[PDB]
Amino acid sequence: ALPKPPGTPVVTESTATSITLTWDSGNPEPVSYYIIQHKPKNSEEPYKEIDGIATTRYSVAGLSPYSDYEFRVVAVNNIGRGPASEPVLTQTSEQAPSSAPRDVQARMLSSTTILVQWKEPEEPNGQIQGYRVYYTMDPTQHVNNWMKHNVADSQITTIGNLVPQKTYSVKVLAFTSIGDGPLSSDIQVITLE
């Protein structure tokens, strides 16, 4: 007869871009192979299908970081294709952001304070936990020797105690739990009233 549905698949490995599934055959007799059905959790469209999986374990790659996914497994034998299992829900791991905060802007508020603001990076790869604002009077320095101000998840901050009539270079990165993303390319702001 046709195969019965495989056992509900179990996620046993995950990375930022892959999910590894294992399942029970769900069947008394041997199965020829399996088909994995996968989609984003909140897609309302039909599952995509990976055909011809010859074992009861498979890693689905390259998915995107910090994303919700739905999977099912289908068994096939010589008679044909059985019903899909019950779905499993899961989520790929986070990464550091892989793009810079966008539209980074700064303007003078006084001779000693500026206003810095930006937009969220397009590629956060995770929950943004905060931003780090780098600023200096000498941008030839390594960024780790610039002055630094840490911020929570936000898009605007003020920075004070600046020396008047100076060009300050400013760079901003976002960070997730995993790590720091890239720095925006330098902008300049002058402490001139």
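So that there is no doubt, residue numbering starts at 1 and follows the sequence shown.
Asks: Give the stretch, out of 116 to 124 and 91 to 99, with the larger mean C-alpha temperature factor in the deposited entry.
Replies: Mean C-alpha B-factor is greater for 116 to 124.
Asks: Between 58 to 66 and 39 to 47, which has the larger average Cα B-factor in the PDB entry?
Replies: For C-alpha atoms only, the mean B-factor is higher in 39 to 47.
Asks: Looking at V76, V104, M108, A84, which has the biggest Cα B factor in the entry?
Replies: Checking the PDB record, the top C-alpha B-factor among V76, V104, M108, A84 is at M108.
Asks: Could you say which of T140, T167, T158, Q129 has its CA atom at the highest B factor, as listed in the PDB entry?
Replies: Highest C-alpha B-factor among the listed residues goes to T158.
Asks: Would you check the entry's CA temperature factor for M147 and let me know if it's in the chain's lowest, middle or highest third?
Replies: Tercile = lowest for this residue's CA B-factor.
Asks: Using the B-factor values recorded in the entry, state whether the Cα atom of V163 falls in the lowest, middle or highest third among the modelled residues of its chain.
Replies: Its C-alpha B-factor belongs to the highest third of this chain's values.
Asks: Looking at the temperature factor on the CA atom of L192, which third of the chain's modelled residues does it land in?
Replies: For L192, whose C-alpha B-factor we compare with every modelled residue in the chain, the answer is the highest third.
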